[PDB]
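S.K.: what would the 3D arrangement of this be:
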Amino acid sequence: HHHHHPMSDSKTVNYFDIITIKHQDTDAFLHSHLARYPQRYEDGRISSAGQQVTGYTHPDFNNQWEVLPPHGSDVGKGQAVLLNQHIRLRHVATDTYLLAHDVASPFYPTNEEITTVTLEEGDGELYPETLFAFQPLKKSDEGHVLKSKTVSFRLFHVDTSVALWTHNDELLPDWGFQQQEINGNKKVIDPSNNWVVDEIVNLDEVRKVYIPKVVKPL
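M.R.: Residues are numbered from 1 along each chain as shown. I have put the structure below:
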C-alpha cells in the first residue's frame, strides 16, 4: 500500500525545514560561504564588506538554509509554509540570517547587495531586513502551500521590495570563486526572478511515505 517518494517528487515545505533554493533560468542554488565582499570594488564603490551570497550550480552543504517564521510566532513542526507569508532564511553552514539592503550590489550599481548577518544583529536592530516571502507569481495564490520543485515563486525582500536575482552571462571574479552573482532586482516582474525549492534535506518519515494516486481508465 505505502510507497516511498523518490528524490525527484514534490513534498510540502514546513517551517524549520532545511531546504535548497534553485533559480529557474540558471539552475543555480542560493549559496553562501565564509568569504566576504571586497571592501571596495574596482570602480571605487564600497560594499558592506559582509558575507557573500552567490549562485552555485552543484550540490553542496553551503546551499542549505533553514526556513524560519517571524518573531513572536508560536510555530512547531508540521506547519506548512504558505506563499506570501513572511519568512526568514538561516544559512546552516555559517549560522547567519539572509539579509538584503539598499547598498549597491557587486556588479549592478542600481540593484541591491544580498548578504547574511549574525544572529545578534539579525534578531535585533537588523531584524526587519531579514524578512522575506516566497511571493507567488499570481497574487491569488497567496496563502497556498509551498511545495518543493513544483511551486514557482520570487524570493522577495519585504523591507526594500526587491526580488532576488542571478545570472550566468558573466560570473564573479576570483574573490567570488567564479560563482554567480546574486543581487536584489528592483524589476520584480522579470521572469528571471523565478525560483523553486529544490530539496528538503531534513524530510521526516511522515512526508517520505505516500499512497499512489490511481489513474482513471479511459
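S.K.: got phi/psi on residue 127?
M.R.: Dihedral angles phi and psi of residue 127 (degrees, to the nearest 10) take the values phi -50, psi -50.
S.K.: how about the contacts made by it?
M.R.: residue 71 (CB atoms under 8 Å, 6 or more residues apart in numbering). Where C-beta positions appear, they are placed from N, C-alpha and C, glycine not excepted.
S.K.: just the one 10 residues further on next, same as before
M.R.: Listed by CB under 8 Å, 6+ apart, the contact partners of residue 137 are 152-154, 194.
S.K.: if we go to 10 Å?
M.R.: Contact partners of residue 137, counting by CB atoms under 10 Å, 6 or more residues apart in numbering, are 83, 151-154, 189, 191, 193-194.
S.K.: just send those back as CSV, with distance to residue 118 too.
M.R.: Shown next, in CSV, are those (distance: CB to CB, whole Å):
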residue, distance to residue 118
83, 29
151, 31
152, 32
153, 27
154, 26
189, 33
191, 34
193, 27
194, 30
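S.K.: from those, which land in strands?
M.R.: Among these, the residues falling in strands (DSSP state E) are 153-154, 194.
S.K.: any of these buried? List them.
M.R.: By neighbour count, with 16 or more other CB atoms under 10 Å, the ones in strands among the contacts of residue 137 hold 153-154, 194 as buried.
S.K.: what residues does stretch 200-212 touch?
M.R.: Under CB under 10 Å, 6+ apart, the answer for stretch 200-212 is 1-5, 7, 9-14, 16-20, 61, 63-67, 77-78, 92, 147-149.
S.K.: mind giving me the ChimeraX command for buried ones among those residues?
M.R.: Buried subset of the contacts of stretch 200-212, written as a ChimeraX selection, criterion 16+ other CB under 10 Å:
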select :11,12,13,14,16,17,19,20,63,64,65,66,67,92,147,148
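S.K.: in strands only, show me the contacts of stretch 200-212.
M.R.: Among these, DSSP E puts 3-4, 18-20, 65-67 in strands.
S.K.: just read off the phi/psi values of the nearest residue to residue 105 once chain neighbours are set aside.
M.R.: With sequence-adjacent residues excluded and distances taken as CB to CB, 6 or more residues apart in numbering, residue 105 is closest to residue 183, at 3.5 Å. Phi and psi for residue 183, reported as degrees, to the nearest 10, are phi -150, psi 170.
S.K.: count of neighbours near residue 183?
M.R.: As a burial measure, residue 183 scores 23 neighbours (other CB atoms under 10 Å).
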